[PDB]
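Beneath this line is the structure, given in structure tokens, with notes to follow.
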Amino acid sequence: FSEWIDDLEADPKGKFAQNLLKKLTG
Amino acid sequence: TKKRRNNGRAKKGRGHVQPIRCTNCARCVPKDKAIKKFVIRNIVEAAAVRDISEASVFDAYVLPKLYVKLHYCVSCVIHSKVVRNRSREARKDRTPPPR
Amino acid sequence: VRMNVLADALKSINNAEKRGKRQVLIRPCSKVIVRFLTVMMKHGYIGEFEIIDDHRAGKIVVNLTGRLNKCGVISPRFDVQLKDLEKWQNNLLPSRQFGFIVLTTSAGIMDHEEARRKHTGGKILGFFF
Amino acid sequence: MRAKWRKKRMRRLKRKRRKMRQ
Amino acid sequence: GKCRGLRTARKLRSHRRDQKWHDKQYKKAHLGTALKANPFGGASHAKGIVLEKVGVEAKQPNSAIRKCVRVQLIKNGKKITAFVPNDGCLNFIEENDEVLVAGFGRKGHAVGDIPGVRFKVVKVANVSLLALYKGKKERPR
Amino acid sequence: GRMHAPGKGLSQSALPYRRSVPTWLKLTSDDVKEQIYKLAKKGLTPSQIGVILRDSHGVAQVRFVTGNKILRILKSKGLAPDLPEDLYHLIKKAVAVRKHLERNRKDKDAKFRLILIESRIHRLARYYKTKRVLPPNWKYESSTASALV
RNA sequence: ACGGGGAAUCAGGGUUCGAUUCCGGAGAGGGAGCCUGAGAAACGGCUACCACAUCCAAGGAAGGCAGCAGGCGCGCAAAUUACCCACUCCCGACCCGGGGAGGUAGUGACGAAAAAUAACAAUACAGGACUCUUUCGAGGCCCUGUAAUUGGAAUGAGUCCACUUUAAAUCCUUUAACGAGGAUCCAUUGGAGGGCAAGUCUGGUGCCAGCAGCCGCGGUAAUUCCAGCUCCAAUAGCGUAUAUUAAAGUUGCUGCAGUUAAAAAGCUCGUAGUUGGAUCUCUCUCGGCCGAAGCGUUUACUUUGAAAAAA
RNA sequence: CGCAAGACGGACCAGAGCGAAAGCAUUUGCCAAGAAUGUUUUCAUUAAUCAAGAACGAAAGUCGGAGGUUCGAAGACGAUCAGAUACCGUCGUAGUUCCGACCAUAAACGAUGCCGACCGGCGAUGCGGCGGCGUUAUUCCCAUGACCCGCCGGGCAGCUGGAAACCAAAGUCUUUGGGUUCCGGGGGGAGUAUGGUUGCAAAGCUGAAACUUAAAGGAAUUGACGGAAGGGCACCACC
């Protein structure tokens with residue numbers, strides 16, 4: 001959960017944006 | 001969007017209002033939309049009152065006044081700083097400035 | 001002009017109840033209006049009302065309880081058959097537990113439950129709940 | 001383009017076309 | 001507002017049928033001009049003869065070359081540009097061999113960055129392009 | 001509101017609830033009828049007859065004392081106009097505006113108002129032809145409008 | 001555009017489709033005219049034209065598959081020149097003859113139904129499971145499987161037997177002989193960034209090749225291309241392309257919207273159209289509760305009653 | 001100091017009035033019309049909206065006839081700027097004025113169809129009517145006009161459900177149906193082509209498609225910028 005949060009907030013709109021938000025809680 | 005509820009003019013319940021000419025540019029502006037001032041000044045400025053009063057033949061002459069009705073288009077009235085742009089809330093105020 | 005005075009009566013009642021008023025003046029009165037109000041009052045939605053008689057077209061002062069969520073007219077008065085009444089109450093009523101559709105039928109003006117009991121179809125006047 | 005001048009150019013084109021047509 | 005009268009059925013129906021012609025899909029499906037302008041003539045696939053190979057430049061935000069083929073349909077003799085889908089599949093295609101060509105999936109609308117290409121090659125020389133791509137079959141001798 | 005003007009006025013008479021003959025009125029029903037016949041012989045339309053009776057002799061409503069409306073009484077004995085009073089006045093107004101239009105052909109407001117008056121006349125004539133107050137071939141036409149007034 | 005019965009969603013309302021086996025109609029290459037006959041403007045009848053076309057000794061003669069099969073052609077697009085009157089029925093002078101009507105096999109994913117590709121270890125393990133006395137310790141009391149060391153039992157896919165089946169018959173069904181441990185008797189199709197289920201693992205490529213319905217990936221550390229591994233979705237089925245339905249309350253009757261997003265006619269008269277205020281509770285016959293007989297002012301209505309093919 | 005022409009109707013002039021809208025401002029007279037109010041008058045459903053049809057319709061423009069005062073498309077010159085043949089200045093022809101005939105279009109706008117109900121409050125204002133203490137004006141017996149305070153009816157406004165801006169209507173809408181007319185269906189192509197019709201002409205009305213595109217657009221937030229305003233500041237700014 002923390003790793004997903006870190007990946008999302010590193011680049012909140014980059015290539016890894018939709019996937020991380022979906023992986024958060026879905 | 002609609003900036004003003006009266007469209008910046010005083011035309012209600014009529015179709016056409018005769019236009020007048022701005023005193024600066026001679027632009028055709030409707031008489032209700034135009035910005036109208038009524039200057040009532042002394043024909044002699046307050047600096048030149050003493051000389052003409054001293055040189056006056058008639059004691060207690062009370063010097064006359066210049067009455068001028070000035071019409072301004074919105075552009076010329078903005079440029080001449082007679083009116084200024086106001087905030088969205090202060091726009092609605094219609095009270096003339098206290099002076 | 002003023003057509004379908006039942007629409008005006010029901011709209012006035014609805015607006016007066018939205019404002020929380022205790023009494024509403026309906027004018028002009030009519031036989032259909034009085035029958036509709038009576039059907040309303042038998043179910044406790046509207047309470048007593050009084051017909052003021054002026055010599056041209058009566059008025060009605062209707063007392064109001066806060067029991068009416070909505071009273072509405074259906075225009076035009078569609079001819080509803082008894083087999084097609086279930087669809088009409090599915091469209092118009094909030095649930096099957098409460099709410100009424102008023103039909104004007106050959107047996108008089110009455111709710112949809114009475115029209116089903118009396119096995120009479122008719123023309124839909126309105127609804128209330 | 002301004003719409004008024006777009007319409008003016010369209011009208012001029014139509015006038016030229018109808019001149020070319022007899 | 002809309003007319004609500006017991007005898008307005010003619011007015012309601014006429015208004016509905018007149019207003020339907022302002023709908024894009026209804027007009028394109030019923031006016032008939034879209035069917036005539038359709039290269040396939042209303043079909044789902046079409047067989048054509050490859051006039052030539054060609055490379056089209058993709059739309060600006062992304063850059064590549066799409067290996068399409070200009071073919072001529074057998075049924076109506078129209079000229080079509082059909083996108084050879086995969087990589088190395090243009091090598092499977094030669095000049096002047098019949099190809100079965102389908103739509104691109106958007107009903108005459110161009111697909112993706114490819115400009116003005118609404119067709120894709122499905123089969124070449126009577127053998128599917130997928131079979132050639134996966135090595136299941138070879139080009140007939 | 002008005003059928004040809006944007007205005008919507010509430011002004012009109014308000015008959016009281018009581019339909020009885022008033023206390024102040026000693027003038028019996030037959031005397032009221034006799035006064036009605038005399039007024040109509042003087043050449044007064046039912047509206048003017050009612051105005052005069054209400055103002056001078058004093059009657060709340062002639063229908064309350066005599067049981068019949070003034071025009072109905074006049075028809076019963078028979079002194080009523082050939083064509084109805086309101087239609088005749090509308091035709092007279094149309095004739096007046098038409099006569100004004102001859103020497104004022106530049107008056108384009110009079111033309112609009114004449115069109116409105118003629119539309120009112122046509123509506124009223126259609127209604128009257130429906131109820132047999134007019135013959136079915138009764139037409140309003142400018143060439144003969146002054147023949148009716 | 002042959003019409004209908006009817007077919008594809010079920011919220012309700014609806015929107016499309018109906019060449020197609022049932023009922024009507026129409027036609028037999030396009031027109032037309034006829035003979036016979038109860039019945040035809042018949043074409044597996046004729047006559048003559050128009051278009052095609054077959055033999056010829058060149059004098060003439062013979063034609064009509066939108067019957068059944070088959071060819072050619074067209075196209076994205078559709079079956080073998082099979083056997084039979086045994087069933088259904090039809091025709092005939094007939095209990096007996098005939099029927100490409102029709103039946104029965106042949107042709108694979110039109111599609112629909114049911115339904116295999118496996119069910120059970122000593123074994124160490126990551127575990128846990130009723131008061132576990134110990135992190136170093138009963139774990140066929142309960143269950144998943146990394147498995148180059150395993151075992152018996154079951155069975156049909158298949159090939160053959162008995163000719164049940166059927167008008168000889170291949171078909172399911174039945175009985176039997178073989179038929180399984182990489183049960184090699186080996187399941188595929190499409191995907192793994194979001195929508196939308198499932199890897200920022202490895203290698204290659206370096207805005208190229210390509211992917212991508214849409215948004216977007218690719219410009220040497222690509223979650224997206226090309227492959228390997230792994231995984232998920234359906235599963236003997238999955239992808240794709242057009243058409244179409246729901247989604248679409250983006251056609252709005254239910255049920256849309258029109259100040260500024262697309263939109264109210266410049267304005268007002270106006271006929272057709274649509275809509276329209278209150279108001280009405282020995283007339284009549286067999287036996288001192290009966291068929292007949294109704295102009296109640298005709299209706300729209302509601303609710304019964306016959307009539308609305310079968311599938 | 002006069003004289004002559006045309007044009008125009010300042011100040012009074014207002015979120016005031018009238019008109020269907022376009023539009024309408026010097027006095028007086030004539031002609032015809034109109035709303036609102038008052039009405040214990042009359043008729044007694046005669047009504048609302050409208051395909052077709054019809055009246056009117058700023059400016060510009062067209063065709064005839066008067067007059068060219070001003071302004072002034074076109075045009076001719078005169079001016080820092082890289083370049084006006086643009087903005088500026090001087091002239092200036094059609095037009096601008098009136099009379100007939102056309103034209104029928106405007107951001108013709110309240111970007112809000114018309115008719116009918118219901119739905120808060122307030123203070124004004126225009127017209128009519130009603131009621132009332134008082135102050136003013138026509139001889140000292142009154143109304144009435146001008147004020148003052150209220151009331152009622154109609155009117156242009158003002159103040160204080162929506163995406164929101166905002167709207168007492170753009171409210172009484174998933175609790176969806178008062179009546180009726182016109183009208184919209186992603187953005188372009190395009191109000192284009194063509195056909196019909198109207199017109200002297202300009203052009204008006206009605207009006208596509210192929211094709212192309214994943215946005216265009218609305219309201220509002222935050223920033224950045226503004227040869228936008230207000231207030232401050234700096235010798236890396238000036239004086």
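Every chain in the structure tokens has a letter given in the order shown (A, B, ...), and although residue numbers restart at 1 in each chain, ligands are simply numbered from 1 in the order shown.
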
Can you list every residue in chain A that DSSP puts in helix (DSSP H, G or I), as a list in words?
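Helix (DSSP H, G or I) members of chain A, listed: residues 2, 3, 4, 5, 6, 7, 8, 9, 10, 18, 19, 20, 21, 22, 23 and 24 of chain A.
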
Only C-alpha atoms, please: the residues just picked out, written as a PDB file, in the first residue's frame.
ATOM      1  CA  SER A   2       2.812   2.386   0.905  1.00  0.00           C
ATOM      2  CA  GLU A   3       4.792   1.520  -2.224  1.00  0.00           C
ATOM      3  CA  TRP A   4       1.764   2.285  -4.393  1.00  0.00           C
ATOM      4  CA  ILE A   5       1.333   5.616  -2.585  1.00  0.00           C
ATOM      5  CA  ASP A   6       4.992   6.473  -3.206  1.00  0.00           C
ATOM      6  CA  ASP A   7       4.789   5.547  -6.895  1.00  0.00           C
ATOM      7  CA  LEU A   8       1.603   7.584  -7.330  1.00  0.00           C
ATOM      8  CA  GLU A   9       2.834  10.704  -5.536  1.00  0.00           C
ATOM      9  CA  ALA A  10       6.212  10.608  -7.301  1.00  0.00           C
ATOM     10  CA  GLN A  18      -3.926   5.511 -13.698  1.00  0.00           C
ATOM     11  CA  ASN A  19      -2.542   2.115 -12.674  1.00  0.00           C
ATOM     12  CA  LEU A  20      -1.434   3.288  -9.227  1.00  0.00           C
ATOM     13  CA  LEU A  21      -4.743   5.035  -8.520  1.00  0.00           C
ATOM     14  CA  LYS A  22      -6.606   1.879  -9.543  1.00  0.00           C
ATOM     15  CA  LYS A  23      -4.283  -0.276  -7.409  1.00  0.00           C
ATOM     16  CA  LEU A  24      -4.898   1.963  -4.379  1.00  0.00           C
TER      17      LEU A  24
END

Using only C-alpha atoms (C1' of nucleotides), I'd like every residue of chain G that has an atom within 8 Å of chain E; please write them out as a ChimeraX atom specification.
/G:75-76,207-210,212-213,241-242,251,274-275

Taking only segment 21-106 of chain E into account, list the residues labelled strand (DSSP E) by DSSP (computed from the backbone), as an mmCIF file with N, CA and C atoms, in the first residue's frame.
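Done, and the output landed in part_2.cif:
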data_model
loop_
_atom_site.group_PDB
_atom_site.id
_atom_site.type_symbol
_atom_site.label_atom_id
_atom_site.label_comp_id
_atom_site.auth_asym_id
_atom_site.auth_seq_id
_atom_site.Cartn_x
_atom_site.Cartn_y
_atom_site.Cartn_z
ATOM 1 N N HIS E 45 -16.606 -7.017 -45.879
ATOM 2 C CA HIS E 45 -15.281 -7.209 -46.445
ATOM 3 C C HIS E 45 -15.341 -6.964 -47.946
ATOM 4 N N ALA E 46 -14.170 -6.921 -48.572
ATOM 5 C CA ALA E 46 -14.110 -6.780 -50.020
ATOM 6 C C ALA E 46 -12.779 -7.314 -50.523
ATOM 7 N N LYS E 47 -12.800 -7.932 -51.697
ATOM 8 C CA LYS E 47 -11.588 -8.425 -52.335
ATOM 9 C C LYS E 47 -11.110 -7.404 -53.353
ATOM 10 N N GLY E 48 -9.823 -7.069 -53.288
ATOM 11 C CA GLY E 48 -9.244 -6.122 -54.215
ATOM 12 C C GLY E 48 -7.906 -6.621 -54.719
ATOM 13 N N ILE E 49 -7.383 -5.927 -55.722
ATOM 14 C CA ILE E 49 -6.074 -6.234 -56.286
ATOM 15 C C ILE E 49 -5.127 -5.114 -55.887
ATOM 16 N N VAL E 50 -4.023 -5.476 -55.238
ATOM 17 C CA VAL E 50 -3.079 -4.497 -54.713
ATOM 18 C C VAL E 50 -2.461 -3.714 -55.861
ATOM 19 N N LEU E 51 -2.812 -2.432 -55.962
ATOM 20 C CA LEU E 51 -2.214 -1.585 -56.985
ATOM 21 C C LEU E 51 -0.765 -1.265 -56.653
ATOM 22 N N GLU E 52 -0.475 -0.993 -55.385
ATOM 23 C CA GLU E 52 0.894 -0.692 -54.978
ATOM 24 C C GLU E 52 0.987 -0.728 -53.459
ATOM 25 N N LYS E 53 2.218 -0.723 -52.968
ATOM 26 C CA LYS E 53 2.491 -0.467 -51.564
ATOM 27 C C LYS E 53 2.720 1.025 -51.360
ATOM 28 N N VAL E 54 2.541 1.477 -50.121
ATOM 29 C CA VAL E 54 2.673 2.892 -49.812
ATOM 30 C C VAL E 54 2.914 3.027 -48.319
ATOM 31 N N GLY E 55 3.613 4.086 -47.936
ATOM 32 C CA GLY E 55 3.804 4.378 -46.533
ATOM 33 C C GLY E 55 3.186 5.711 -46.186
ATOM 34 N N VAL E 56 2.348 5.739 -45.160
ATOM 35 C CA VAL E 56 1.698 6.972 -44.737
ATOM 36 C C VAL E 56 2.314 7.419 -43.420
ATOM 37 N N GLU E 57 2.405 8.732 -43.242
ATOM 38 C CA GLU E 57 2.971 9.298 -42.027
ATOM 39 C C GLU E 57 1.879 9.443 -40.979
ATOM 40 N N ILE E 65 5.866 5.254 -39.708
ATOM 41 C CA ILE E 65 5.390 5.062 -41.071
ATOM 42 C C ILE E 65 4.499 3.829 -41.073
ATOM 43 N N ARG E 66 3.254 3.996 -41.503
ATOM 44 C CA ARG E 66 2.295 2.904 -41.581
ATOM 45 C C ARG E 66 2.342 2.331 -42.989
ATOM 46 N N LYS E 67 2.565 1.022 -43.085
ATOM 47 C CA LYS E 67 2.725 0.343 -44.368
ATOM 48 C C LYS E 67 1.350 -0.053 -44.884
ATOM 49 N N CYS E 68 0.742 0.834 -45.659
ATOM 50 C CA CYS E 68 -0.541 0.562 -46.279
ATOM 51 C C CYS E 68 -0.336 0.089 -47.714
ATOM 52 N N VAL E 69 -1.419 -0.380 -48.316
ATOM 53 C CA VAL E 69 -1.417 -0.812 -49.705
ATOM 54 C C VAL E 69 -2.597 -0.163 -50.406
ATOM 55 N N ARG E 70 -2.345 0.407 -51.577
ATOM 56 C CA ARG E 70 -3.410 0.871 -52.447
ATOM 57 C C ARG E 70 -3.885 -0.311 -53.277
ATOM 58 N N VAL E 71 -5.163 -0.652 -53.126
ATOM 59 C CA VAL E 71 -5.806 -1.753 -53.824
ATOM 60 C C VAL E 71 -6.972 -1.197 -54.627
ATOM 61 N N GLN E 72 -7.444 -1.997 -55.580
ATOM 62 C CA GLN E 72 -8.627 -1.671 -56.365
ATOM 63 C C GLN E 72 -9.653 -2.773 -56.157
ATOM 64 N N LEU E 73 -10.819 -2.405 -55.636
ATOM 65 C CA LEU E 73 -11.840 -3.392 -55.315
ATOM 66 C C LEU E 73 -12.404 -4.016 -56.584
ATOM 67 N N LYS E 79 -10.738 2.693 -55.644
ATOM 68 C CA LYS E 79 -9.368 2.666 -55.151
ATOM 69 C C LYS E 79 -9.357 2.944 -53.656
ATOM 70 N N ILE E 80 -8.706 2.059 -52.907
ATOM 71 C CA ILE E 80 -8.762 2.021 -51.452
ATOM 72 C C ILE E 80 -7.342 1.951 -50.913
ATOM 73 N N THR E 81 -7.105 2.574 -49.763
ATOM 74 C CA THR E 81 -5.856 2.406 -49.032
ATOM 75 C C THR E 81 -6.140 1.591 -47.777
ATOM 76 N N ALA E 82 -5.543 0.405 -47.697
ATOM 77 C CA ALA E 82 -5.798 -0.536 -46.616
ATOM 78 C C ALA E 82 -4.517 -0.763 -45.832
ATOM 79 N N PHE E 83 -4.607 -0.661 -44.513
ATOM 80 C CA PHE E 83 -3.431 -0.749 -43.660
ATOM 81 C C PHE E 83 -3.064 -2.209 -43.425
ATOM 82 N N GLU E 98 -4.585 -10.621 -55.057
ATOM 83 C CA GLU E 98 -5.867 -10.336 -54.430
ATOM 84 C C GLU E 98 -5.754 -10.393 -52.914
ATOM 85 N N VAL E 99 -6.338 -9.395 -52.264
ATOM 86 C CA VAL E 99 -6.360 -9.281 -50.815
ATOM 87 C C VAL E 99 -7.799 -9.078 -50.367
ATOM 88 N N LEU E 100 -8.191 -9.807 -49.330
ATOM 89 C CA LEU E 100 -9.432 -9.558 -48.618
ATOM 90 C C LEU E 100 -9.180 -8.487 -47.570
ATOM 91 N N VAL E 101 -9.974 -7.421 -47.625
ATOM 92 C CA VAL E 101 -9.792 -6.221 -46.821
ATOM 93 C C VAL E 101 -11.087 -5.951 -46.070
ATOM 94 N N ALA E 102 -10.976 -5.736 -44.765
ATOM 95 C CA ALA E 102 -12.102 -5.420 -43.904
ATOM 96 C C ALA E 102 -12.026 -3.961 -43.471
ATOM 97 N N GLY E 103 -12.981 -3.558 -42.643
ATOM 98 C CA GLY E 103 -12.956 -2.228 -42.078
ATOM 99 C C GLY E 103 -11.914 -2.110 -40.986
#

Residues of chain B at most 8 Å from chain H: nearest atom pair and distance in Å, only C-alpha atoms (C1' of nucleotides), as JSON lines:
{"residue": "B:1", "atom": "CA", "partner": "H:165", "partner_atom": "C1'", "distance": 7.0}
{"residue": "B:2", "atom": "CA", "partner": "H:165", "partner_atom": "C1'", "distance": 7.8}
{"residue": "B:6", "atom": "CA", "partner": "H:15", "partner_atom": "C1'", "distance": 7.4}
{"residue": "B:9", "atom": "CA", "partner": "H:15", "partner_atom": "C1'", "distance": 7.5}
{"residue": "B:10", "atom": "CA", "partner": "H:15", "partner_atom": "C1'", "distance": 4.1}
{"residue": "B:11", "atom": "CA", "partner": "H:15", "partner_atom": "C1'", "distance": 6.0}
{"residue": "B:12", "atom": "CA", "partner": "H:15", "partner_atom": "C1'", "distance": 5.9}
{"residue": "B:13", "atom": "CA", "partner": "H:156", "partner_atom": "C1'", "distance": 4.9}
{"residue": "B:15", "atom": "CA", "partner": "H:23", "partner_atom": "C1'", "distance": 6.8}
{"residue": "B:16", "atom": "CA", "partner": "H:23", "partner_atom": "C1'", "distance": 6.3}
{"residue": "B:69", "atom": "CA", "partner": "H:11", "partner_atom": "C1'", "distance": 7.9}
{"residue": "B:84", "atom": "CA", "partner": "H:229", "partner_atom": "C1'", "distance": 6.7}
{"residue": "B:85", "atom": "CA", "partner": "H:229", "partner_atom": "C1'", "distance": 7.0}

Just the residues within 12 Å of residue 6 of chain C, please, counting only C-alpha atoms (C1' of nucleotides), with nothing from its chain fewer than 3 positions along; format it as a ChimeraX atom specification.
/C:2-3,9-13,26-37,71-77,125-127 /G:277 /H:117,178

Neighbours of chain G in chain C at 7 Å, counting only C-alpha atoms (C1' of nucleotides), as a JSON list (two decimals) with C-alpha atoms, in the first residue's frame:
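Output below, filename result.json:
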[["chain", "number", "residue", "atom", "x", "y", "z"],
["C", 2, "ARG", "CA", -57.79, 29.03, -18.03],
["C", 3, "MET", "CA", -58.34, 25.50, -19.30],
["C", 30, "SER", "CA", -66.07, 22.53, -10.02],
["C", 56, "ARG", "CA", -71.08, 32.69, -10.67],
["C", 57, "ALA", "CA", -68.53, 29.95, -9.88],
["C", 87, "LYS", "CA", -48.37, 0.32, -15.60],
["C", 106, "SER", "CA", -68.79, 5.33, -15.18],
["C", 119, "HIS", "CA", -63.86, -3.61, -12.11],
["C", 120, "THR", "CA", -64.20, -0.27, -13.91],
["C", 121, "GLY", "CA", -61.68, 1.46, -16.11],
["C", 122, "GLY", "CA", -61.97, 5.09, -17.02]]

Can you pull out the residues contacting segment 83-92 of chain H? Cut-off 10 Å, using only C-alpha atoms (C1' of nucleotides), and skip same-chain residues under 6 positions away; I want them as a PyMOL selection string.
chain H and resi 72+74-77

Could you save those same residues with C-alpha atoms (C1' of nucleotides) as a PDB file, in the first residue's frame?
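Listed below is the output, out.pdb:
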ATOM      1  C1'   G H  72     -19.216  61.562 -45.575  1.00  0.00           C
ATOM      2  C1'   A H  74     -15.107  55.563 -53.102  1.00  0.00           C
ATOM      3  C1'   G H  75     -11.269  58.752 -54.547  1.00  0.00           C
ATOM      4  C1'   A H  76      -7.072  62.902 -54.374  1.00  0.00           C
ATOM      5  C1'   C H  77      -3.511  64.719 -51.360  1.00  0.00           C
TER       6        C H  77
END

Report as number ranges by chain all protein, DNA and RNA residues lying within 9 Å of segment 39-41 of chain C, evaluated on only C-alpha atoms (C1' of nucleotides), omitting residues in the same chain fewer than 2 positions from it.
C: 34-37, 43-49, 100, 102, 109-111, 128

Counting only C-alpha atoms (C1' of nucleotides), what is within 10 Å of residue 33 of chain G, bar same-chain residues fewer than 3 positions away, as a count of residues only?
3

Between atom CA of residue 49 of chain F and atom CA of residue 70 of chain F, distance in Å (one decimal)
7.8 Å
